[PDB]
């Protein structure tokens, strides 16, 4: 109890599993206080603590919503009891999500809300006398969580299905969806789906942006194709928006770029503004009713309360202009990366900026390089990318994009 940074890393190295780690001692706004060679430094949280900290850390409105709920009621069991934070969050979600989503199931993590989505899809078709509809279809390059079911629909090469083969469910995979719209891709997706339709419960994809699978973007028109294909072959459409939710891609939900509603949808990550774990699975009235005819901390009051505040905070400001300024800033700051020798692509979509490199990025070099520039950056595979808090000033975005450019330079450099 009460530990020194050196004591913390001594305990950590002996006893903690991680997903060499740097000790973090504070977080406020877009900034973390990290310990580097015995000294505290303030660095920009360029990753938003893995997509979560959309309003920054220790935002007064979320701090207060939390301590206000804490005064009244920490937690009650959602079996036989309901409460205001859950009712309030459900109403909000139902109002702001794509049209038709009328029903809300809370859970504790994004990976669990995906299992819940899949359970809804299976039970739906069983409710309709078609329990042969049990497999899932997706395209390559995706990520949906780390639980066994969620793994079955992650990219087979990235999620090491080979090291889990015959332990995972065999789902159907379409090729990687291209960035540019190609009607031939949609036609082939349709032709593959037609071959499995009677055994398929759902198509599940991340809309517009594929996150942990490789930070790829695809034309929102592909989602219009998916909606039509699914409606035509009687297969449910599930959108995983755990990473794309709450303004991140420039729309409130990435599905909004195509104007499509899925039958089932997952949200998480930025849901609580990065305070506490909370996820949600939504579905249509038809899905709920057909099924009709939980986790221990389901709908946690504390988590629902901070999330209520976070969503209202987003909604009560001109978030859309904010994201547009963030994207302009990322575009301007990353532009000089295009001409770097190791750089293969530079892409931006809302508050997401990616530098794709021609070789895997070395973390032992990249991490201290960015910290030297006052920026916490966490590359993966061949990608130097950022998803910064919406509160970042133009100067902060410039500081973030400079450190990314510099890491990318170093990637060619030696």
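Numbering follows the first chain given and starts at 1.
The gap between residue 163 and residue 164 holds no unmodelled residues of the deposited sequence.
Missing deposited residues between residue 19 and residue 20: 4 to 9, all without coordinates in the entry. Between the stretches 243 to 251 and 274 to 282, it is 243 to 251 that shows the larger average CA temperature factor. Between the stretches 126 to 134 and 81 to 89, it is 126 to 134 that shows the larger average CA temperature factor. Sorting 52, 68, 39, 33 by the CA temperature factor given in the entry leaves 39 at the top.
The top Cα temperature factor in the record, among 351, 384, 46, 364, falls on 364. Among the modelled residues of its chain, residue 264 has a C-alpha B-factor that falls in the lowest third, as given in the PDB entry. Sort the modelled residues of the chain by CA B factor and residue 312 lands in the middle third. The deposited CA B-factor of residue 192 belongs to the middle third of values across its chain. In the PDB entry, residue 140 places in the middle third of its chain by CA B-factor. Split the chain's modelled residues into thirds by C-alpha temperature factor. Residue 294 is in the highest one.
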